[PDB]
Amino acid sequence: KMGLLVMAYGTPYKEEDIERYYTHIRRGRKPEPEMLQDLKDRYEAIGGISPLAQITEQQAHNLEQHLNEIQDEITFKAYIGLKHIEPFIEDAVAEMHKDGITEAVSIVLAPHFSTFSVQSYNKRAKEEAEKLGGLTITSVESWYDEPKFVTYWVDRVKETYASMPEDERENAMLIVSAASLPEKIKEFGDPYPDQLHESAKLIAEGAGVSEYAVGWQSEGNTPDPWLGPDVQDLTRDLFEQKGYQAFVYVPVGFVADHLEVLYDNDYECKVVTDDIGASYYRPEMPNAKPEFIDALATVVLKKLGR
């Protein structure tokens, strides 16, 4: 019986939880009334918060079921650990420990390694396990290069391009993005930026797309600079330089239909394309599709040498 610790940033399960989620992200400070209202507005804008938290649940559940289905050596038990939403990462480890689990494999629902989004989760998780004792966690650190994951996006892209009208297919620009982070991660030699660039190349060459670019999105609002250029500005600058008739957005850094994709892409990036008279394209996110789950299953099994 092995533990399967699945971690992610987290999304509120109920609208009544939006505020605390914000506080947690703001590290103890409740958001300003307007600031809070502006987040609530965005969730409504995309159809409600309700569906979002369910996707992460289905991903972990399906991953557990598939891993236990494709091989008979190990029986996995999934535990969700989130950064800003209960069950928190430390709560999930505590529960694995309480349940008697002595060995566990963890994986973050973000393909690129970064200090802020993968290393900090693994660290928090392992430190809690050590404090409890008798629980050893083996952590997946990056999987953006897993061929089945790359293939997933390559196929979604080939399809989008093959469904475009003639004019666009010859004047389209592919934008591969991930969640931006403070530039100070460089102080730690964080390869996050490099992994994104490689992720973009792998997908572009796989789909046979030659015109593509790398951008960042969803940066937080702090006094420090964040990884740029932002997808919105990148789209404008690229249009100004070649007048592309279409932009295809691949938020490879994200795995589900969350706020960053449904809003920051489907709304804010479409605002830019609409403004410049270009079509907007954004292939389906992995969510809990079997093709994606099989990719994660292979990633976990490989980490275990199986």
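A residue's number is simply how far along the shown sequence it sits, counting from 1.
For the segment pair 108-116 and 222-230, the entry gives 222-230 the higher mean B-factor, averaged over Cα atoms. Comparing 174-182 with 92-100, the higher mean C-alpha B-factor in the PDB entry belongs to 92-100. As recorded in the PDB entry, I74 shows the highest C-alpha B-factor of the residues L196, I74, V140, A125. Among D264, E64, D257, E32, the highest C-alpha B-factor recorded in the PDB entry belongs to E32. Among all modelled residues in its chain, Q59 ranks in the lowest third by Cα B-factor. Looking at the C-alpha B-factors along this chain, the one for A78 belongs to the lowest third. Per-chain ranking of the deposited C-alpha B factor places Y249 in the lowest third. When the CA B factors of the chain's modelled residues are split into thirds, the value for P147 lands in the lowest one. Per-chain ranking of the deposited C-alpha B factor places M285 in the middle third.
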